[PDB]
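Participant: Can you read through this structure? Questions will come right after.
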Amino acid sequence: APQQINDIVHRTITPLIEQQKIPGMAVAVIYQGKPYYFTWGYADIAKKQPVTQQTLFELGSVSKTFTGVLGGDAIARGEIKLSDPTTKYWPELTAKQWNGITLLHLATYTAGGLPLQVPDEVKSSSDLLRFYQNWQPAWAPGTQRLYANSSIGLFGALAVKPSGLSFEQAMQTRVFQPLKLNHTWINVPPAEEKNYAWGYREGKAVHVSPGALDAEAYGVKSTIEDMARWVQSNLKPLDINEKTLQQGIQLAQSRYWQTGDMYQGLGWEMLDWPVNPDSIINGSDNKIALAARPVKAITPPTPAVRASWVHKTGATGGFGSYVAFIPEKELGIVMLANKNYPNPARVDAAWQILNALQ
Ligand SMILES: *[B]([O])([O])[C]([N]C(=O)[C]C1=[C][C]=[C]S1)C1=[C]C(/[C]=[C]/C([O])=O)=[C][C]=[C]1
């Protein structure tokens, strides 16, 4: 790496790892569209396995960006429309609260207060149907944003229905394979387990548990190298040769709703660049990020704005991840850690690094 990149990264991350007690971390900086990698510490404390460029981390909700792009690709293929009623793809959702709830609302957390988590007791396809049938919206559709796995999770399940493929196969075939994300997995194969970091929660080694709509909302595992490649693909979709995929990436960065100075895309969230660091830093904090907030519709949605800080935080019980990029500066960052540490600390470090290089 250029010594400038080396120095800001180390000067920023070293203190972060110390303060937050992070066992292991990988960082990629995308600078003028070239990746630079950094790693520290342990993928597996017990077995003394270091973090490397090949280590798999749980992305947690950064997975929503893949779901949003896969959904965008389905739109581009003419398979679904964001204006379609939810019931078009799940006619068994007959409870009348679903009248007027579209794929758009599901994708963008504006259905009317779908819950943050799908309950644990929901397992089968029939459990899930009952869950959404019984759900009572707090609000009319398209009025309030409440970040929710059960909202975008369902968008992901329904978006792949016309394709005939499982969500995993659609993702593999239409997103991972075309982008050469060859070490990115919904289900980690046995052959790759050697590279799968442990998460650490209270110093216990943990991996994410199976859950309804897990793949769609929080179930991708990836390497810093693949995640650098994901960032490059989203920074410059016009370099992508697969037409519907290029378009899908563009659709996931359109601005559908605004709350405060934040705009909701499909999985990605966006602010105008230059951003006020306090606005993203404090904004990443969980009970701003996870709070009920009125939304203003963007009618019609603004296509991907190049001068944006585009980002997503993600967590599992044992991992904390963050991705942020600025299309107009060909600049981006990925931070993957096997501890779930506070979001503001993530955005703060990312901001310090990208501002220095911008
Ligand atoms: B995201 O990342 O946003 C998501 N994820 C999930 O769900 C996964 C998991 C499992 C276990 C735990 S997590 C979410 C997250 C949250 C939170 C976080 C913290 O706390 O950190 C919530 C919701 C969703």
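For the structure tokens, the naming scheme is as follows: chains receive sequential letters (A, B, ...) according to their order of presentation, residues are indexed from 1 within each chain, and ligands are indexed from 1 in presentation order.
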Can you tell me, as a list in words, which residues in region 31-227 of chain A count as strand (DSSP E) by DSSP?
Facilitator: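 DSSP-assigned strand (DSSP E) residues in region 31-227 of chain A: residues 31, 34, 35, 36, 37, 38, 39, 40, 41, 42, 43, 44, 49, 50, 56, 57, 58, 144, 145, 199, 200, 201, 204, 205, 206, 221, 222 and 223 of chain A.
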Participant: So that each row is one residue of chain A with an atom at most 8 Å from ligand 1, can you give its shortest atom pair and the distance in Å to one decimal, using only C-alpha atoms and all ligand atoms, rows by chain and rising number, as a tab-separated table?
Facilitator:
residue	atom	partner	partner_atom_place_in_ligand_line	distance
A:59	CA	ligand 1	2 (O)	7.5
A:60	CA	ligand 1	2 (O)	4.4
A:61	CA	ligand 1	2 (O)	3.4
A:62	CA	ligand 1	2 (O)	6.5
A:116	CA	ligand 1	23 (C)	5.5
A:117	CA	ligand 1	23 (C)	6.2
A:147	CA	ligand 1	3 (O)	7.8
A:148	CA	ligand 1	24 (C)	6.6
A:149	CA	ligand 1	24 (C)	6.0
A:208	CA	ligand 1	10 (C)	6.0
A:209	CA	ligand 1	10 (C)	7.2
A:214	CA	ligand 1	8 (C)	7.7
A:217	CA	ligand 1	4 (C)	6.9
A:218	CA	ligand 1	5 (N)	5.2
A:219	CA	ligand 1	8 (C)	7.6
A:286	CA	ligand 1	20 (O)	7.3
A:290	CA	ligand 1	22 (C)	7.5
A:313	CA	ligand 1	2 (O)	6.3
A:314	CA	ligand 1	2 (O)	3.4
A:315	CA	ligand 1	2 (O)	3.5
A:316	CA	ligand 1	13 (S)	3.8
A:317	CA	ligand 1	12 (C)	4.0
A:318	CA	ligand 1	12 (C)	7.7
A:320	CA	ligand 1	21 (O)	7.4
A:340	CA	ligand 1	21 (O)	5.7
A:341	CA	ligand 1	21 (O)	6.9
A:342	CA	ligand 1	21 (O)	6.8
A:343	CA	ligand 1	21 (O)	7.7
Participant: Mind dumping the selected residues with N, CA, C and O atoms as a compact mmCIF listing (two decimals), in the first residue's frame?
Facilitator:
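Contents of out.txt, freshly written:
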# COMPACT_ATOMS: atom_id res chain seq x y z
N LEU A 59 -21.07 -11.47 7.90
CA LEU A 59 -21.44 -10.10 7.54
C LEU A 59 -22.64 -9.58 8.33
O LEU A 59 -22.86 -8.35 8.39
N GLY A 60 -23.42 -10.47 8.92
CA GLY A 60 -24.68 -10.06 9.55
C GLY A 60 -25.52 -9.21 8.58
O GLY A 60 -25.68 -9.58 7.42
N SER A 61 -26.05 -8.07 9.01
CA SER A 61 -26.92 -7.27 8.12
C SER A 61 -26.31 -6.60 6.90
O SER A 61 -27.06 -6.08 6.06
N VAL A 62 -24.99 -6.58 6.79
CA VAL A 62 -24.40 -6.26 5.49
C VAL A 62 -24.93 -7.20 4.38
O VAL A 62 -25.02 -6.83 3.21
N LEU A 116 -38.53 -6.08 14.19
CA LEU A 116 -37.08 -6.12 13.97
C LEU A 116 -36.61 -7.57 13.73
O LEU A 116 -35.84 -7.83 12.82
N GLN A 117 -37.13 -8.50 14.53
CA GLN A 117 -36.76 -9.91 14.42
C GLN A 117 -37.98 -10.78 14.12
O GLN A 117 -39.12 -10.52 14.61
N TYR A 147 -36.53 -0.28 10.76
CA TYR A 147 -35.55 -1.29 10.35
C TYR A 147 -35.94 -2.66 10.88
O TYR A 147 -36.17 -2.83 12.09
N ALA A 148 -35.99 -3.66 10.01
CA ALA A 148 -36.58 -4.94 10.38
C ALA A 148 -36.10 -6.05 9.47
O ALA A 148 -36.23 -5.96 8.23
N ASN A 149 -35.60 -7.13 10.07
CA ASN A 149 -35.26 -8.33 9.30
C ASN A 149 -36.45 -8.99 8.61
O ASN A 149 -36.30 -9.60 7.55
N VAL A 208 -23.34 -17.83 13.97
CA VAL A 208 -24.76 -17.45 13.85
C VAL A 208 -25.63 -18.72 13.82
O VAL A 208 -25.24 -19.74 13.23
N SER A 209 -26.76 -18.68 14.52
CA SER A 209 -27.74 -19.78 14.55
C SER A 209 -28.71 -19.71 13.38
O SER A 209 -29.05 -18.60 12.93
N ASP A 214 -33.06 -16.10 7.60
CA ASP A 214 -31.67 -15.78 7.92
C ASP A 214 -30.81 -15.41 6.70
O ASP A 214 -30.07 -14.42 6.73
N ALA A 217 -31.68 -11.87 5.39
CA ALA A 217 -31.54 -10.70 6.24
C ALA A 217 -30.17 -10.56 6.89
O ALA A 217 -29.73 -9.44 7.11
N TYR A 218 -29.49 -11.68 7.18
CA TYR A 218 -28.24 -11.64 7.92
C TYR A 218 -27.28 -12.85 7.75
O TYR A 218 -26.36 -13.01 8.54
N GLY A 219 -27.44 -13.65 6.71
CA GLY A 219 -26.72 -14.93 6.68
C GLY A 219 -25.55 -15.14 5.73
O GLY A 219 -25.17 -16.28 5.48
N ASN A 286 -27.37 2.32 17.30
CA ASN A 286 -28.54 1.47 17.23
C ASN A 286 -29.89 2.07 17.55
O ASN A 286 -30.87 1.72 16.89
N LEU A 290 -32.23 1.87 14.65
CA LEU A 290 -33.31 0.91 14.89
C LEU A 290 -34.64 1.54 15.37
O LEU A 290 -35.58 0.80 15.70
N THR A 313 -24.14 -1.09 8.16
CA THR A 313 -23.54 -1.81 9.31
C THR A 313 -24.15 -3.19 9.38
O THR A 313 -25.27 -3.44 8.89
N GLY A 314 -23.43 -4.12 9.99
CA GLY A 314 -24.00 -5.46 10.14
C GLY A 314 -23.47 -6.07 11.40
O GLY A 314 -22.32 -5.82 11.76
N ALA A 315 -24.30 -6.91 12.03
CA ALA A 315 -23.91 -7.58 13.25
C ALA A 315 -24.45 -8.99 13.28
O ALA A 315 -25.53 -9.24 12.77
N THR A 316 -23.69 -9.91 13.83
CA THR A 316 -24.30 -11.13 14.39
C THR A 316 -23.91 -11.14 15.87
O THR A 316 -23.31 -10.18 16.35
N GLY A 317 -24.26 -12.19 16.62
CA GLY A 317 -23.94 -12.18 18.05
C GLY A 317 -22.44 -12.04 18.33
O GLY A 317 -22.03 -11.44 19.32
N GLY A 318 -21.63 -12.59 17.42
CA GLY A 318 -20.18 -12.61 17.54
C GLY A 318 -19.37 -11.83 16.53
O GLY A 318 -18.15 -11.88 16.58
N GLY A 320 -19.02 -8.04 13.97
CA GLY A 320 -19.38 -6.68 13.62
C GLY A 320 -18.70 -6.30 12.33
O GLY A 320 -17.47 -6.35 12.23
N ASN A 340 -18.87 -8.15 17.93
CA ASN A 340 -19.89 -7.16 17.68
C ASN A 340 -19.65 -5.94 18.59
O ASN A 340 -20.11 -5.91 19.73
N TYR A 341 -18.94 -4.95 18.10
CA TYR A 341 -18.63 -3.75 18.89
C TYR A 341 -19.50 -2.59 18.38
O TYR A 341 -20.08 -2.69 17.30
N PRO A 342 -19.61 -1.49 19.16
CA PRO A 342 -20.63 -0.47 18.84
C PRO A 342 -20.48 0.17 17.46
O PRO A 342 -19.37 0.50 17.06
N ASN A 343 -21.59 0.34 16.75
CA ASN A 343 -21.61 0.95 15.41
C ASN A 343 -20.90 2.31 15.32
O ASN A 343 -20.18 2.56 14.35
Participant: Which of these, A:333, A:132, A:338, A:246, has the shortest distance to residue 354 (chain A) once you count only C-alpha atoms?
Facilitator: A:333
Participant: So which one's closest to residue 25 (chain A), A:146, A:245, A:215, A:337? Using only C-alpha atoms, please.
Facilitator: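 With only C-alpha atoms as the atom set, the closest residue is A:337.
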Participant: Would you give me, as a Markdown table, each residue of region 199-237 of chain A having an atom within 12 Å of an atom of region 40-52 of chain A, along with its shortest atom pair and that distance in Å to one decimal, using only C-alpha atoms and sorting by chain and residue number?
Facilitator:
| residue | atom | partner | partner_atom | distance |
| --- | --- | --- | --- | --- |
| A:199 | CA | A:43 | CA | 8.1 |
| A:200 | CA | A:44 | CA | 9.3 |
| A:203 | CA | A:45 | CA | 9.7 |
| A:204 | CA | A:45 | CA | 10.1 |
| A:205 | CA | A:44 | CA | 8.1 |
| A:206 | CA | A:44 | CA | 10.5 |
| A:207 | CA | A:44 | CA | 11.7 |
| A:223 | CA | A:52 | CA | 8.8 |
| A:224 | CA | A:52 | CA | 8.5 |
| A:225 | CA | A:52 | CA | 9.8 |
Participant: Tell me, as a list in words, which residues lie within 9 Å of residue 188 (chain A), counting only C-alpha atoms; anything in the same chain fewer than 3 positions away does not count.
Facilitator: residues 56, 184, 185, 191, 192, 193, 196, 220 and 221 of chain A
Participant: I need the chosen residues saved as a compact mmCIF listing (two decimals), in the first residue's frame, with N, CA and C atoms.
Facilitator:
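For reference, again-v2.txt as written:
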# COMPACT_ATOMS: atom_id res chain seq x y z
N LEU A 56 -13.13 -16.06 6.52
CA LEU A 56 -14.55 -15.77 6.38
C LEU A 56 -15.04 -15.19 7.69
N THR A 184 -17.69 -16.43 -0.94
CA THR A 184 -18.85 -15.81 -0.31
C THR A 184 -19.98 -16.84 -0.30
N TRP A 185 -20.55 -17.05 0.89
CA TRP A 185 -21.40 -18.21 1.18
C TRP A 185 -22.58 -17.83 2.04
N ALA A 191 -15.40 -27.71 3.15
CA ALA A 191 -14.04 -27.47 2.62
C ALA A 191 -13.50 -26.09 3.03
N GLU A 192 -14.42 -25.17 3.36
CA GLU A 192 -14.07 -23.78 3.69
C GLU A 192 -14.06 -23.48 5.20
N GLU A 193 -14.42 -24.47 6.01
CA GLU A 193 -14.54 -24.30 7.45
C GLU A 193 -13.24 -23.90 8.13
N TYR A 196 -13.21 -20.23 8.40
CA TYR A 196 -14.36 -19.58 9.02
C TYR A 196 -13.99 -19.16 10.45
N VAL A 220 -25.00 -14.06 5.19
CA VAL A 220 -23.84 -14.17 4.29
C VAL A 220 -22.54 -14.13 5.10
N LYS A 221 -21.60 -14.98 4.72
CA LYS A 221 -20.25 -15.01 5.27
C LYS A 221 -19.29 -14.73 4.07
Participant: Return the single residue from A:326, A:234, A:346, A:250 that is closest to residue 283 (chain A), with distances computed using only C-alpha atoms.
Facilitator: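 Answer, going by the shortest atom-to-atom distance: A:346.
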Participant: Can you tell me, as a ChimeraX atom specification, which residues in region 40-73 of chain A count as alpha helix (DSSP H) by DSSP?
Facilitator: /A:63-73
Participant: Rank A:35, A:78, A:294, A:23 by their smallest atom-to-atom distance to residue 163 (chain A), using only C-alpha atoms, and report the top residue only.
Facilitator: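 Ranking A:35, A:78, A:294, A:23 by distance to residue 163 (chain A), first place goes to A:78.
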Participant: Point out the residue among A:264, A:39, A:321, A:19 with the least atom-to-atom distance to residue 289 (chain A), counting only C-alpha atoms.
Facilitator: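 For residue 289 (chain A), the nearest of the given residues is A:264.
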Participant: CA of residue 97 (chain A) to CA of residue 140 (chain A): how many Å, to one decimal?
Facilitator: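 Taking CA of residue 97 (chain A) and CA of residue 140 (chain A), their separation equals 9.0 Å.
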Participant: Go through region 46-104 of chain A residue by residue and, counting only C-alpha atoms, keep those with an atom at most 10 Å from region 155-159 of chain A; for each kept residue give the shortest atom pair and its distance in Å to one decimal, ordered by chain and increasing number, as a Markdown table.
Facilitator:
| residue | atom | partner | partner_atom | distance |
| --- | --- | --- | --- | --- |
| A:64 | CA | A:156 | CA | 8.8 |
| A:66 | CA | A:156 | CA | 9.6 |
| A:67 | CA | A:156 | CA | 5.8 |
| A:68 | CA | A:156 | CA | 7.6 |
| A:69 | CA | A:156 | CA | 9.9 |
| A:70 | CA | A:156 | CA | 7.9 |
| A:71 | CA | A:159 | CA | 5.7 |
| A:72 | CA | A:159 | CA | 8.9 |
| A:73 | CA | A:159 | CA | 9.4 |
| A:74 | CA | A:159 | CA | 6.6 |
| A:75 | CA | A:159 | CA | 8.4 |
| A:79 | CA | A:159 | CA | 8.0 |
| A:80 | CA | A:159 | CA | 6.5 |
| A:81 | CA | A:159 | CA | 8.9 |
| A:82 | CA | A:159 | CA | 9.4 |
| A:86 | CA | A:158 | CA | 8.0 |
| A:87 | CA | A:158 | CA | 9.7 |
| A:88 | CA | A:158 | CA | 9.4 |
| A:89 | CA | A:158 | CA | 6.0 |
| A:90 | CA | A:158 | CA | 7.4 |
| A:102 | CA | A:155 | CA | 9.3 |
| A:103 | CA | A:155 | CA | 6.1 |
| A:104 | CA | A:155 | CA | 8.2 |
Participant: Give me a file of those residues, with N, CA, C and O atoms, as an mmCIF file, in the first residue's frame.
Facilitator:
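Ended up saving to part_30.cif:
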data_model
loop_
_atom_site.group_PDB
_atom_site.id
_atom_site.type_symbol
_atom_site.label_atom_id
_atom_site.label_comp_id
_atom_site.auth_asym_id
_atom_site.auth_seq_id
_atom_site.Cartn_x
_atom_site.Cartn_y
_atom_site.Cartn_z
ATOM 1 N N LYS A 64 -27.946 -7.706 3.856
ATOM 2 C CA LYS A 64 -29.070 -7.005 3.229
ATOM 3 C C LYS A 64 -28.703 -6.286 1.952
ATOM 4 O O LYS A 64 -29.566 -6.051 1.119
ATOM 5 N N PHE A 66 -26.642 -7.491 -0.362
ATOM 6 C CA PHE A 66 -26.719 -8.532 -1.380
ATOM 7 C C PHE A 66 -28.183 -8.797 -1.717
ATOM 8 O O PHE A 66 -28.523 -8.888 -2.867
ATOM 9 N N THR A 67 -29.034 -8.922 -0.696
ATOM 10 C CA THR A 67 -30.490 -9.089 -0.905
ATOM 11 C C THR A 67 -31.112 -7.962 -1.713
ATOM 12 O O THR A 67 -31.879 -8.222 -2.615
ATOM 13 N N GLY A 68 -30.741 -6.723 -1.413
ATOM 14 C CA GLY A 68 -31.255 -5.591 -2.152
ATOM 15 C C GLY A 68 -30.820 -5.583 -3.599
ATOM 16 O O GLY A 68 -31.609 -5.298 -4.462
ATOM 17 N N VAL A 69 -29.557 -5.906 -3.852
ATOM 18 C CA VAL A 69 -29.032 -6.039 -5.224
ATOM 19 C C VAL A 69 -29.641 -7.229 -5.952
ATOM 20 O O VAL A 69 -29.980 -7.110 -7.127
ATOM 21 N N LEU A 70 -29.809 -8.374 -5.272
ATOM 22 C CA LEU A 70 -30.468 -9.515 -5.923
ATOM 23 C C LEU A 70 -31.910 -9.151 -6.298
ATOM 24 O O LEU A 70 -32.395 -9.539 -7.355
ATOM 25 N N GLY A 71 -32.579 -8.386 -5.436
ATOM 26 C CA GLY A 71 -33.922 -7.912 -5.715
ATOM 27 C C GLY A 71 -33.930 -6.957 -6.896
ATOM 28 O O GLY A 71 -34.831 -6.998 -7.714
ATOM 29 N N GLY A 72 -32.927 -6.085 -6.966
ATOM 30 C CA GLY A 72 -32.797 -5.134 -8.074
ATOM 31 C C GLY A 72 -32.608 -5.857 -9.396
ATOM 32 O O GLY A 72 -33.147 -5.445 -10.425
ATOM 33 N N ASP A 73 -31.825 -6.927 -9.361
ATOM 34 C CA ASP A 73 -31.572 -7.780 -10.515
ATOM 35 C C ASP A 73 -32.877 -8.429 -10.999
ATOM 36 O O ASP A 73 -33.125 -8.473 -12.209
ATOM 37 N N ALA A 74 -33.709 -8.916 -10.066
ATOM 38 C CA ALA A 74 -35.036 -9.466 -10.401
ATOM 39 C C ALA A 74 -35.951 -8.433 -11.067
ATOM 40 O O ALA A 74 -36.647 -8.749 -12.023
ATOM 41 N N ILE A 75 -35.935 -7.199 -10.565
ATOM 42 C CA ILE A 75 -36.627 -6.070 -11.205
ATOM 43 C C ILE A 75 -36.150 -5.889 -12.643
ATOM 44 O O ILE A 75 -36.959 -5.861 -13.583
ATOM 45 N N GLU A 79 -38.891 -9.721 -13.641
ATOM 46 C CA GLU A 79 -39.541 -10.773 -12.857
ATOM 47 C C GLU A 79 -40.483 -10.248 -11.773
ATOM 48 O O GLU A 79 -41.450 -10.906 -11.408
ATOM 49 N N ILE A 80 -40.170 -9.086 -11.215
ATOM 50 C CA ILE A 80 -40.980 -8.501 -10.131
ATOM 51 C C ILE A 80 -41.029 -6.991 -10.357
ATOM 52 O O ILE A 80 -40.234 -6.471 -11.109
ATOM 53 N N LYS A 81 -41.948 -6.284 -9.715
ATOM 54 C CA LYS A 81 -41.873 -4.812 -9.719
ATOM 55 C C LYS A 81 -42.004 -4.405 -8.285
ATOM 56 O O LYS A 81 -42.730 -5.061 -7.544
ATOM 57 N N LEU A 82 -41.309 -3.330 -7.887
ATOM 58 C CA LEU A 82 -41.429 -2.812 -6.542
ATOM 59 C C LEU A 82 -42.842 -2.305 -6.278
ATOM 60 O O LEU A 82 -43.287 -2.266 -5.140
ATOM 61 N N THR A 86 -47.592 -7.227 -2.244
ATOM 62 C CA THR A 86 -46.968 -8.409 -1.642
ATOM 63 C C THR A 86 -47.750 -9.664 -2.000
ATOM 64 O O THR A 86 -47.168 -10.705 -2.331
ATOM 65 N N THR A 87 -49.077 -9.547 -1.959
ATOM 66 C CA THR A 87 -49.966 -10.680 -2.229
ATOM 67 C C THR A 87 -49.856 -11.288 -3.626
ATOM 68 O O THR A 87 -50.215 -12.452 -3.830
ATOM 69 N N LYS A 88 -49.382 -10.510 -4.592
ATOM 70 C CA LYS A 88 -49.083 -11.058 -5.916
ATOM 71 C C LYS A 88 -48.130 -12.265 -5.879
ATOM 72 O O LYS A 88 -48.235 -13.177 -6.723
ATOM 73 N N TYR A 89 -47.203 -12.260 -4.915
ATOM 74 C CA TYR A 89 -46.167 -13.297 -4.803
ATOM 75 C C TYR A 89 -46.457 -14.262 -3.677
ATOM 76 O O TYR A 89 -45.880 -15.319 -3.616
ATOM 77 N N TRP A 90 -47.385 -13.900 -2.800
ATOM 78 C CA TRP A 90 -47.805 -14.789 -1.736
ATOM 79 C C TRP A 90 -49.329 -14.679 -1.561
ATOM 80 O O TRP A 90 -49.818 -14.021 -0.634
ATOM 81 N N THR A 102 -46.733 -3.108 -0.592
ATOM 82 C CA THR A 102 -46.029 -3.532 -1.784
ATOM 83 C C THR A 102 -44.607 -4.088 -1.488
ATOM 84 O O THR A 102 -44.090 -3.948 -0.386
ATOM 85 N N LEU A 103 -43.998 -4.711 -2.498
ATOM 86 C CA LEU A 103 -42.599 -5.136 -2.414
ATOM 87 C C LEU A 103 -41.679 -3.985 -2.010
ATOM 88 O O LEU A 103 -40.739 -4.203 -1.243
ATOM 89 N N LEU A 104 -41.950 -2.781 -2.519
ATOM 90 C CA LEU A 104 -41.190 -1.609 -2.092
ATOM 91 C C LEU A 104 -41.197 -1.425 -0.558
ATOM 92 O O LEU A 104 -40.158 -1.204 0.056
#
Participant: Do you have the CA of residue 276 (chain A)-CA of residue 26 (chain A) distance handy?
Facilitator: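 A separation of 25.8 Å between them.
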Participant: Out of A:189, A:351, A:131, A:251, which residue has the shortest atom-to-atom distance to residue 12 (chain A) when counting only C-alpha atoms?
Facilitator: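 So, comparing all the options, the nearest one is A:351.
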Participant: List the spatial neighbours of region 178-181 of chain A as a list in words - criterion: any atom at most 10 Å away, only C-alpha atoms, same-chain residues fewer than 6 positions off excluded.
Facilitator: residues 172, 222, 223, 225, 226, 227, 228, 229, 230, 232, 233, 240, 241, 242 and 245 of chain A
Participant: Quick one: everything within 7 Å of residue 301 (chain A), counting only C-alpha atoms, minus sequence neighbours fewer than 5 positions away in the same chain. Send it as a list in words.
Facilitator: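 Using only C-alpha atoms, the neighbours found are residues 254, 255 and 256 of chain A.
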Participant: Those residues you just picked out, can you put them in a file as a compact mmCIF listing (two decimals), in the first residue's frame with N, CA, C and O atoms?
Facilitator:
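Writing the result to out-v9.txt gives the following:
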# COMPACT_ATOMS: atom_id res chain seq x y z
N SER A 254 -30.78 3.55 -5.50
CA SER A 254 -31.71 4.67 -5.71
C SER A 254 -32.22 5.11 -4.36
O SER A 254 -32.17 4.36 -3.40
N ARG A 255 -32.68 6.35 -4.27
CA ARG A 255 -33.16 6.86 -3.00
C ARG A 255 -34.69 6.82 -2.96
O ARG A 255 -35.36 7.57 -3.70
N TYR A 256 -35.23 5.96 -2.10
CA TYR A 256 -36.67 5.68 -2.10
C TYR A 256 -37.43 6.51 -1.08
O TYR A 256 -38.60 6.93 -1.33
Participant: Just the residues within 7 Å of residue 312 (chain A), please, counting only C-alpha atoms, with nothing from its chain fewer than 2 positions along; format it as a PyMOL selection string.
Facilitator: chain A and resi 62+268-269+314+322-324
